[PDB]
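Novice: Could you have a look at this structure, given as structure tokens, before my questions?
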Amino acid sequence: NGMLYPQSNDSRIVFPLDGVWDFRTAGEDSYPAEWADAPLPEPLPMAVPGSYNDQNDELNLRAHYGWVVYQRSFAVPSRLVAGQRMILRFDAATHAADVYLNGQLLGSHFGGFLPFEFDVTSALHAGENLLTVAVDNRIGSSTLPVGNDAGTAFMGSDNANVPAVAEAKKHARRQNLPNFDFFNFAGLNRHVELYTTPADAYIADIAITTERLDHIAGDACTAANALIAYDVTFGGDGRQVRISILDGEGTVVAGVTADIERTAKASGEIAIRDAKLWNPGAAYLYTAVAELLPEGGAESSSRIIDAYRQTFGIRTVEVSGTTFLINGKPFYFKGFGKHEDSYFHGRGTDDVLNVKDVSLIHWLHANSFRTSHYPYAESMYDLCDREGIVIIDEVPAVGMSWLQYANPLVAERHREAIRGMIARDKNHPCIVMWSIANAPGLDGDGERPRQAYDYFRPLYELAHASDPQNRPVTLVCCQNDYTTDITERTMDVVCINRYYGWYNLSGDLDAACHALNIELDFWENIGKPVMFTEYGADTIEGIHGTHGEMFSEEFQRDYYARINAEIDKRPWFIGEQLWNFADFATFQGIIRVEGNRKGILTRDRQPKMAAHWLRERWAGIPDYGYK
Amino acid sequence: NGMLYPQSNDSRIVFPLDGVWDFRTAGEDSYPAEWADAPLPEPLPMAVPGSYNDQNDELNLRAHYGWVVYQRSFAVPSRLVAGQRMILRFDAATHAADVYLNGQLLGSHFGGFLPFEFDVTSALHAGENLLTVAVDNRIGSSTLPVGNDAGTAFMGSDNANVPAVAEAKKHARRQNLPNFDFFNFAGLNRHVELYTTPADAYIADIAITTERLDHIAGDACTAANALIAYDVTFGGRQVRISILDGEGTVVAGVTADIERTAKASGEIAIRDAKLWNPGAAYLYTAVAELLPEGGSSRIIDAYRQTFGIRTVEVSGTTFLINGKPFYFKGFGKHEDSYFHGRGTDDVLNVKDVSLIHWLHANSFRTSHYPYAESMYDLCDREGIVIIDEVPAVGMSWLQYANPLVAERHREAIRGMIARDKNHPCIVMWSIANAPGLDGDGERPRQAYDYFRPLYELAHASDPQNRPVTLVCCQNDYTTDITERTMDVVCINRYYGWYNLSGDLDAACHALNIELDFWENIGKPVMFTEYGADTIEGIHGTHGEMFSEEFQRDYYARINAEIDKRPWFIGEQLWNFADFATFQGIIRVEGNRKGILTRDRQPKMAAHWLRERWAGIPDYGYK
Ligand SMILES: O=C(O)[C@H]1O[C@@H](Oc2cc3ccccc3oc2=O)[C@H](O)[C@@H](O)[C@@H]1O
Ligand SMILES: O=C(O)[C@H]1O[C@@H](Oc2cc3ccccc3oc2=O)[C@H](O)[C@@H](O)[C@@H]1O
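Quick note, the sequences are listed as chains X and B, same order.
Using the numbering used here, the first residue of the first sequence is number 3, and each one after it goes up by one.
Using the numbering used here, the first residue of the second sequence is number 680, and each one after it goes up by one.
If you want it as structure tokens, here you go:
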């Protein structure tokens, strides 16, 4: 179950396989088997990592439906593979992939936003190796994220009662129809790499938890004592593992040698005196170095069999009444939902962009975001660990309704996504909360609200069982009839998406604020902490008015000014994450002006009027103690 | 010299001639005179008032050089012309016109921004009359505004040393090359109307002045006594002068003797007078009624002249309105809009005045030509102060020696002041924009010798004797010897835009060095231009030139510096709104230094300035 990010050290090496690959589009329902067994005929170039859709303007790959096939060759010195365990890792292949090496299927995966890997020790050979990866972009009623098997995309226009329209639909070209509001970018969206570990015995997983903090300082920078726990899992086959705790300067401040017991694990606790805590706006990271010792322990030899360096931060998270406590201090979220989205790359990971976006989060005086609507690339979490930005980590369970709740295949994929996200991400101190879905159907009459609850409650429990830190769990709720939804109010933090004054009461900020206050009165009675995870207004940079109407920069600024003045009056409202950080691509349609334009930044990360207004507001709101 | 705006009353009627006229383009240096003798052949439609250039997308009338010909027919009842003096008034024909009625040349005019009229009493006849108006758009080294006879337009790019360029220039299509930074919009830009007066004796001109205020209230809303003067000129005995307040109540009145050349003049004391102020307009009406011999109750002629009671005085480094130290907040404007060009549009004037209030500004300058008369009436009623400017833009030493230019300059000054003298909203005259004033050898003295008589002329022409300025281009202020002699120093400066580009620290340092120079000069000083081209929608976290943020940052930094100077009495920025120019490599669909877009939408800087100006009082800021 461990998926530690590949590391290079004295016992391990990583060989990236990124670069310009060969590529062919394939069929709507299948691809040629022979393409895995020999070089692709007449290949196109395709950079990896990246979405494929915007990498070829001769083709219309945004319209592609079905399979594509990637391929490349590689060779490595025999000297480096000898005696080692060889693993091929795919950080993400969106949505489903079949991976072949030298004409043999290594295996398959479903789930477009989480990593998977194969043991290729026996499949590799000397000299050039031929790696082929078939990737399927199709979405439908059984995928996460969810597609529509017929009709229109989410937020699509129709005239379904016109006989000519009904007839033309029957014969129209097959297309993915997202039941979600972001473009279905597909392909090898994240890195590919070959890596090595020792074969006889190796470190397979590490979990670090902050179990307890004693006498936390007034400023939350330190605690008199921190109790941390480690759990190390091994693969392979009186053995021991040395655990060293390094502080921010790399000095060993704690260390223990633990017995490995059988499935093989070592676990224990370590007390850290005068512990330096991790906080939003004030990151501090330690490293847990795990070193597998040879048979005979340190008593017999100085050599190290295997090693892995796991970053971690010491901090607690606790929901208490209507507060969200980090290191016992009442936190207030400032930020937004994001997307992994950019020109050229699509959903492809881009660390230049991640580094820039983290600086923009600081420029705005924001302190947090949500990984709307899928787990992000691993590097972004490491960056937010070092930069003191809090994350709500969310699985790709977007577009769901009652059709999905009855389907065992969907429930299995949903559990896989929750387990996989938490297994990948559990050691990040920046992650303070898990989201098990975005905007599923929860309300209505008859049995529908109960059916939704019965689907989601076990997933809430799974997210708690899976996280060794036991962080809060939420479900991000779409604008709905909050009085018949019986699921959202059971979450640990209530996370609501609301578009009062945009999708309803349009343009009327007085009415919008009145409606918002009626719903806030409902949440006030429930007595849980509540935050916005979405609210906003599509905004075309450069459209201006003295009395700003919808789509103007002024309306977007006025929107936030009015709504935020209302939530400031509620002590139990513990965060404001708006929609969205930046404009992003969507399926085309009559309400999407070259995608979603609710960004406070443009797609090129330039600030609209509302961004300047929010920057000034957020400059004056502290991370702790605002409420 | 009186040019009272036409009025309808019991003794006078106005017959508007606006509408869709017939139109033809003509030649570079000529037009067919015979077109005045018959309907124009194969005419195009052309709305009047309006520039013609943007009224026909099949043609490229922005490229037109030379003459066009307008024409229409009209008829009026014989009973109404009978016994009357009939006057045909052109509010503006840009730049020069030959006017014919029924094939008879009435005369011509040069000067594209001031009204002119003809007595058509004898040329009119019963039934349909045919009015033909040839309009010349050409500009050059002897016109105001100034054109270039060769080379490029102002701030145009060139590669003059490339032989192919030099040769191609010799054979290129003739084009007006403005030596000014706005498009050369031409045609019947303002209204046309026929009007009547009595023929035997009539009112030709009226001047009302505020001579003295006694015991002005602390809030300047009133004075214990105001002494006003009237001067009424007649064409073609007694005149009754009645002073009506804001409710139409006659609060003062005198009957004055007419003496010959025929004029009546005197003074009237108004106790507890209600004063006109920026942000708090109050208007009276002086009604002049020509009485019959000798004498009966009946009225021979009448005219109703709006005015406001207020004084204007420069005192040391202060600009006093009703004895209170005023601070200018505002901008240069243009008469410029999509479709209309330089054409007057009162929907746009009403909207723009509301935007001036929305911004919390209190003033503007008529850059760079007198505006339509209706805009001044609007600013009279809306309490917005005006600096009134003649079209003497683009001038340099080439012009100062040209007698035709000098005569046209004197004509514009006399004509502007004769037309506009009664507006209380006008507090200062500008005799030029951005002429060449600095340099070495004899050049600075040559400029002074040209402009000083025009300064004196503006003072001699205005019965209110308001301050006179000359709006100065960014220049070597140490060798300019003319600007510092004006009543108010009005400077155009672009530190950080056209120089020290993008570096606001350096721009502010340079500005402060020049402010130190003006501090020593000891006159009141204001900005009349400063700004940055800005494309709405271009944004940056660290705003660079052309972004909305840079424009906002520009004003935030520069205004913080002038706030430190007690003698700096106003900030008029460039510009109220984006406007059209001749095309070139520094004009992105015109001049983009507007704080509003050309469609009057607010850029980031407009919101910032609105908040700043909201906190600055009209009186007492310094
Ligand atoms: O609409 C968006 O910009 C985002 O919408 C979110 O879901 C919601 C959509 C609608 C539509 C109509 C009326 C109310 C709604 O309230 C919502 O909460 C979605 O989570 C985002 O991914 C979309 O981009
Ligand atoms: O440039 C403008 O936007 C306005 O320029 C004014 O005259 C000046 C132009 C320049 C050019 C280069 C360096 C300094 C300058 O300083 C000026 O004062 C002119 O009055 C306006 O009409 C222009 O639109």
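For each residue, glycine too, the CB sits at the ideal point set by N, CA and C.
#1: Which parts of the stretch 952 to 1000 of chain B are runs of the alpha helix (DSSP H), unbroken and 4 residues or longer, counting only runs that do not cross its ends?
#2: Give me the residue from X:486, X:554 and X:567 with the minimum Cα distance to residue 519 (chain X).
#3: Using a threshold of 9 Å, state whether the C-beta atoms of residue 949 (chain B) and residue 904 (chain B) are closer than that.
#4: Assign residue 276 (chain X) to buried or exposed, taking buried as 16 or more other Cβ atoms, counted over all protein chains shown, within 10 Å of its Cβ.
#5: Considering residue 1229 (chain B), what are the terminal residues of the alpha helix (DSSP H) in which it resides?
#6: Would you be able to state if there are at least three C-beta pairs under 8 Å between the stretch 572 to 582 of chain X and the stretch 531 to 544 of chain X?
#7: Name, please, each residue of chain X whose Cβ falls closer than 7 Å to the Cβ of residue 1245 (chain B).
#8: Determine which residues of the stretch 1189 to 1220 of chain B have a Cβ less than 7 Å from any Cβ of chain X, and write them out in chain order.
#9: Let's test the definition: count the other Cβ atoms within 10 Å of the Cβ of residue 495 (chain X) and tell me whether it reaches 16, buried, or not, exposed.
#10: By alpha-carbon positions, which one of X:171, X:119 and X:66 ends up nearest to residue 138 (chain X)?
#11: DSSP three-state label for residue 406 (chain X), please.
#12: How should residue 35 (chain X) be labelled, buried or exposed, when 16 other C-beta atoms within 10 angstroms of its C-beta is the threshold for buried?
#13: At what residues does the beta strand (DSSP E) containing residue 242 (chain X) begin and finish?
#14: List the DSSP bridge partners of residue 1008 (chain B).
#15: Flag this pair as touching only if the stretch 287 to 307 of chain X and the stretch 228 to 241 of chain X have three or more C-beta atom pairs under 8 Å; answer yes or no.
#16: Is it the case that the Cβ atoms of residue 83 (chain X) and residue 134 (chain X) are separated by a distance below 9 Å?
#17: Tell me, please, which residues DSSP counts as bridged to residue 798 (chain B).
#18: If you follow the alpha helix (DSSP H) that residue 1130 (chain B) is part of, which residue opens it and which one closes it?
#19: Is the distance from the Cβ of residue 551 (chain X) to the Cβ of residue 601 (chain X) below 9 Å?
#20: Output, in sequence order along the chain, the residues in the stretch 724 to 752 of chain B whose CB is closer than 9 Å to any CB in chain X.
#21: Spell out the partners DSSP gives residue 111 (chain X) in its beta bridges.
#22: DSSP three-state call for residue 261 (chain X): helix, strand or coil?
#23: According to DSSP, is residue 611 (chain X) part of a helix, a strand, or is it coil?
#24: Is there a Cβ of chain X sitting closer than 9 Å to that of residue 1286 (chain B), yes or no?
#25: Can you look up residue 1197 (chain B) in the DSSP assignment and give me helix, strand or coil?
#26: For residue 610 (chain X), which residues in chain B fall below 8 Å Cβ to Cβ?
#27: Could you tell me which of B:1069, B:1174 and B:1045 sits nearest to residue 1058 (chain B), measuring between CA atoms?
#28: Less than 9 Å between CB atoms is the rule here; does residue 362 (chain X) satisfy it with respect to chain B?
#29: How many Å lie between residue 28 (chain X) and residue 136 (chain X) at the Cα?
#30: Chain B partners of residue 620 (chain X), CB-CB under 8 Å?
#31: Shorter than 9 Å from the beta carbon of residue 643 (chain X) to some beta carbon of chain B?
#32: So the candidates are X:311, X:548 and X:507; which of them puts its Cα closest to the Cα of residue 1035 (chain B)?
#33: Look at the alpha carbon of residue 596 (chain X) and the alpha carbon of residue 540 (chain X), and state the distance between them as a whole number of angstroms.
#34: As an exercise, report each continuous beta strand (DSSP E) stretch of at least 3 residues that is fully enclosed by the stretch 685 to 771 of chain B, in chain order.
#35: If you follow the beta strand (DSSP E) that residue 891 (chain B) is in, where does it begin and where does it stop?
#36: Rounded to a whole number of angstroms, what is the C-alpha to C-alpha distance between residue 412 (chain X) and residue 147 (chain X)?
Specialist: Checking against the coordinates, here is how it stands:
#1: none
#2: X:567
#3: yes
#4: exposed
#5: 1227 to 1241
#6: yes
#7: Result: empty, since nearest Cβ-Cβ is about 31 Å, beyond 7 Å.
#8: 1215, 1216, 1218, 1219 and 1220
#9: buried
#10: X:66
#11: helix
#12: exposed
#13: 242 to 248
#14: B:1250
#15: yes
#16: no
#17: B:766
#18: 1122 to 1140
#19: no
#20: none
#21: X:99
#22: strand
#23: helix
#24: yes
#25: helix
#26: 1218
#27: B:1045
#28: yes
#29: 9 Å
#30: The contacting residues do not exist; residue 620 (chain X) stays about 14 Å from chain B at best.
#31: Not covered by the structure: residue 643 (chain X). The range shown for chain X is 3 to 629.
#32: X:548
#33: 11 Å
#34: 693 to 695, 698 to 704, 723 to 727, 746 to 753 and 763 to 769
#35: 881 to 895
#36: 10 Å
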